[PDB]
């Protein structure tokens, strides 16, 4: 288990931005700007800094050209400059590698701490950021698929309980999770800002980044992204969805960028900010837990995820999950899922729902 430091945890406000390494900056720009409509805060020949429609901080997404596509940092904003000091002391006590730069790692961010966290992920903590024009009423720019906020990250890690304890000590509260009747945890979601999540853990080989999620205002905005991708004849880059989530209750869609980084589009989860917010636990065999409508979860969603980098820019070695696999127990050859607990009708043995096999 990861011990709880004597040192006070930093006060984390929210997920704020991700830095993604991409291999072809122009192809990535085309996806994130021309297809998805994100707004350019700054760009040059090496990097593109993008923000959502309602953001005032410098960016939500940095695309950095590099040789290997990977997550380089997932950044959380802290409440005060002094919280960056707290973050540094906290991670030093945990025995984690840290690097602090008073003028930031990327443009538009000031004093920042990056760490290789106990699960192998590159976390950044910062307060100082360059404010930009908040585009929230720029309806002259508004896309029919407009991405309005950064919502969350989702991480793949082999041991969910181990990770969950560490994030709870850091101040995240678990909102929903997935378990079985045999003591296995498959996933958990946890928050600071009072939505279902700021980061989440998905059981699997890791460290890998499962996805970065952006919000829309309404469900039709998500539909429009799918319609546009059909019109562009890139529907093969729609991985899963659209649907209603069980966990989170949000309307959702998963798409893949040119380097196969998975982006979720997400809307209309619920308020979690009360400290006794009731925690919802689903059974892993409940076929409405991921897609509420019982639509099958494609195996690539379980198996594929992005590499992550260490502070030297090198790919982190992947550690294999030894706990049961959600894929195997639900849609594999010996898998099972149900629609109604205890009802054989609407249950699936050794295959996925709605008529499909792997």
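Positions refer to the first chain, counted from 1.
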item	value
Greater mean Cα temperature factor according to the PDB record, 113 to 121 or 141 to 149	113 to 121
Between the two ranges 290 to 298 and 26 to 34, the one averaging a larger CA B factor in the entry	26 to 34
Maximum C-alpha temperature factor, selected from 236, 269, 176, 85	85
Residue with highest C-alpha B-factor in the PDB entry, from 282, 91, 254, 214	91
Third of the chain, ranked by Cα B-factor, where residue 108 sits	highest
Chain third (lowest, middle, highest) by recorded CA B-factor, residue given as residue 39	middle
Residue 263, C-alpha B-factor rank within chain (lowest, middle or highest third)	lowest
Assigned third (lowest, middle, highest) for the C-alpha B factor of residue 171	highest
Residue 275 by Cα B-factor - lowest, middle or highest third of the modelled chain	middle
